[PDB]
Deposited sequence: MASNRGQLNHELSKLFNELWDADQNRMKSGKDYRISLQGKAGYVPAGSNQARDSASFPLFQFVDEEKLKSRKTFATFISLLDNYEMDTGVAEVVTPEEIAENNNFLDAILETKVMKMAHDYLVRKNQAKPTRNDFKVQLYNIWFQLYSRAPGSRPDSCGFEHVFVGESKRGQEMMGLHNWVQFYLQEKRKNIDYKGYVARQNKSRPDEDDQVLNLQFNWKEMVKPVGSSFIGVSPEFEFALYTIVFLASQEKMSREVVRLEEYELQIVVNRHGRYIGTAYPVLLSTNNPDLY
C-alpha cells in the first residue's frame, strides 16, 4: 500500500552503488520513436549497445551465457545438466564479488534473512533462484527462468520478460517487435535517457500487455532487488512501493514456497523528487 521507506532507501543506495553500470549514450542508445497504440515504432528499441562491455569484462557475460543456454535448450526441462550448473555457479560467483551484492548481503545479514558467510549465501541464492520447481509435481522450471529468461515453461506462452538484456538479445534474434512507449494522459514524455520505461512489445507477433523495464542497470542490480523483496515476506506476492531516483515504483515478486517466481518493476510516476 504505502511507500516502503527502508527499501526505497536501501535500493537508492544499490542504485548509487551500481558500478557495473551500463550508461545511456556511450554504452547503449535507445530509440523511443513513438507511442504504443494511442495517438510509429519501426526500428528496434536498442539502436546500439557496447558489445565488448557485455562481451565479458562485465557480469553481463555470465548473465548472457545463462540467457543463451535457454535459447538453445538442447534438453528436456526436468534435466539440470553439468553445464547449466557451472554457468549458474559462474554467475553467482561474479555477482557476489560486486559491491551491490555485498551491500544486498549486508542488509539481509542484519535481518538474519541471510547468513554471514559467502558460501552459504551462495547456496541460499542457488536454491531460491536455480533449484527446479513445479506447478502436480514435476519440477520443470526455476526462478531465473521466470524472472530473467522471461517465461517458465520451456516452451513458450509467453512472458514474463522485463530484463533489458534479454529484450536486447531477443530483439536482435527478431522475436521481439517493439511497438512504442506507454505514458499517461497528462504527466509528460519519457526520455531516451530514462532508466525505467513502460514499453510494449509483441512476442513472435503476439500482442501482449505493456510492462516496465529497468534500462542499463546491471543484472546484479535487479537480482539484488528481487532477492531482498523475496525474503521480505511470507506471502504469495509482494508489491513493494519504491521511489528510485525520480521514478516511483512497485517491486513485484511472486513466490512459490522457498522459490521465487515472476518478478518485475511497475512504473507509477517519473518526475517526482
Practice task
Enumerate the deposited-sequence segments absent from the coordinates, judged by C-alpha atoms, in order of position.
Solution key: 1 to 5, 45 to 53, 150 to 151, 290 to 292
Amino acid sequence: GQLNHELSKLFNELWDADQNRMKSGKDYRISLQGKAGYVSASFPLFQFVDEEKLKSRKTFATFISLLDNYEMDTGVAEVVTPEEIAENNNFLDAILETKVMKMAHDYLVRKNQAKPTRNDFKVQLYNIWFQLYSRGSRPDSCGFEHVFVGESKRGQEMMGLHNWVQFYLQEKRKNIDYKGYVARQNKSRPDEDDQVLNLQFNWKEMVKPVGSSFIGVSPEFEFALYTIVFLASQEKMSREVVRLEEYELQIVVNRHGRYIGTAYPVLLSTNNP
From here on, numbers count along this sequence of modelled residues.
Practice task
Take the C-alpha B-factors listed in the entry for 9 to 17 and for 259 to 267, compute each mean, and give the stretch with the larger one.
Solution key: 9 to 17
Practice task
Using the B-factors recorded in the PDB entry, average over the C-alpha atoms of 49 to 57 and of 204 to 212, then report which stretch comes out higher.
Solution key: 49 to 57
Exercise for the section: By the entry's C-alpha temperature factors, tell me which of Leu66, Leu231, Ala224, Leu244 sits highest. Expected result: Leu244
Practice task
Quick one: which of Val80, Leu161, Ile176, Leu125 shows the highest Cα temperature factor in the PDB entry?
Solution key: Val80
Completion exercise
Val39: CA B-factor among chain residues, third -> highest
Practice task
Name the third of the chain's ranked CA B-factors that contains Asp73, choosing lowest, middle or highest.
Solution key: highest
Exercise for the section: Taking the values exactly as deposited, rank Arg184 by C-alpha B-factor within its chain and report the matching third: lowest, middle or highest. Expected result: highest
Completion exercise
Assert third(CA B-factor, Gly136) within chain per record equals lowest
Exercise for the section: Taking the values exactly as deposited, rank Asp120 by C-alpha B-factor within its chain and report the matching third: lowest, middle or highest. Expected result: middle
